[PDB]
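K.L.:
This is the structure, below, for whatever I ask next.
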Amino acid sequence: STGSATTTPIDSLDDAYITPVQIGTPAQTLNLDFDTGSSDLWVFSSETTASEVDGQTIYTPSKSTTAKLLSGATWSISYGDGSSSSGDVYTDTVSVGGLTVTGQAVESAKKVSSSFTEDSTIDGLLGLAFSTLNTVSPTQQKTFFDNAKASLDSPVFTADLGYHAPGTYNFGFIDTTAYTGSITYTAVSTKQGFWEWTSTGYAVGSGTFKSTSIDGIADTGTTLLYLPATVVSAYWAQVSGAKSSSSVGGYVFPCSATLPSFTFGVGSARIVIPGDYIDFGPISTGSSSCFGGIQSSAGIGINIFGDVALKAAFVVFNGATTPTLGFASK
């Protein structure tokens, strides 16, 4: 089997991407944030505290003839940005782009943090990291990909995120028309539960490539590119007026700037992030100070190749017995 679904930016800045997912019988379609940095499929639901729902589409398990309460199971997750959610668990039929899993754990939110409530466009998350990170207790549950894998034509999914445009998540096949050149594959460590890999270095604009190992994660659920302070300082030093602002919470730059590109290494290959991908717009409405899309990972404890990096590539998440990651230009 295979599946193919379009993923759409939630706003004009590509702050996140949503992908329609069918849950239950008859189908209830929710727009979920596909997140290769976590491993829970959770949804706003009829059980979510009413005051914490503001415009989201909810899953109502009582209206699904295939929903079953997973007795005694609860979940609770806290993300790196400080957001969180928790609740109980159903199993139900879940389909993405024509690919169907029966018996998928659908984690129904009883509580969500303010940041989720305040964003009407995201109806929940669909985790695509390794199932070892799944928070369901007392019986850990598998991700949608893990459940689908054996049925797939090939045990892979691909992320093809657009810049200020829709893109595609494919399951079970590699669309050879979706990228240019060849796909370069690189080793993955699953020890922390992430798609963790080592970049071979970077360049700023038309500058020389610096060969240096940068361990980090391929994370579709993080907006920005978080890298060591040395790297980030080297990038922003090429932008007149750019500075790190403790009050804003990162590097800012004059909105009048033309940003340089940023290149990262994948083995001997190179992925170029155009400068425009690094502009996240005014820090507040009407401001001429703009927020940068490359930020320091210092104090996160991990480097994160988020959407800013991933959207410059066609990315293969290869879930073979020994997982790997593939990157191609596009």
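Here chain A follows Swiss-Prot for its numbers: 90-419, in order, are the residues you see.
For all residues, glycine too, the Cβ spot is worked out from N, Cα and C.
As annotated in Swiss-Prot:
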- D124: active site (ACT_SITE)
- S288: active site (ACT_SITE)
- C344-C379: disulfide bond (DISULFID)
- 106-417: domain 'Peptidase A1' (DOMAIN)
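Could you place these features in context, so I can see how deep they sit and what lies close by?
P.N.:
Its Cβ placed at the centre, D124 (active site) has 21 other Cβ atoms within 10 Å.
In the three-state DSSP classification, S288 (active site) falls within a strand.
Under DSSP, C379 (disulfide bond) is assigned to a strand (E or B) in the three-state scheme.
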K.L.:
Count the other Cβ atoms sitting within 10 Å of the Cβ of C379 (disulfide bond), across every protein chain shown.
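P.N.:
I get 21 for this one.
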K.L.:
Could you state the CA-to-CA distance between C344 (disulfide bond) and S288 (active site) to the nearest Å?
P.N.:
30
K.L.:
Within 10 Å of the Cβ of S288 (active site), how many other Cβ atoms are there?
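P.N.:
By my count, 22.
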K.L.:
Any idea what the Cα distance is from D124 (active site) over to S288 (active site), rounded to a whole Å?
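P.N.:
About 20 Å separate the Cα atoms of these two residues.
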K.L.:
Counting every protein chain present, what is the number of Cβ atoms, excluding its own, within 10 Å of the Cβ of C344 (disulfide bond)?
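P.N.:
If we count other Cβ atoms within 10 Å of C344 (disulfide bond), we arrive at 15.
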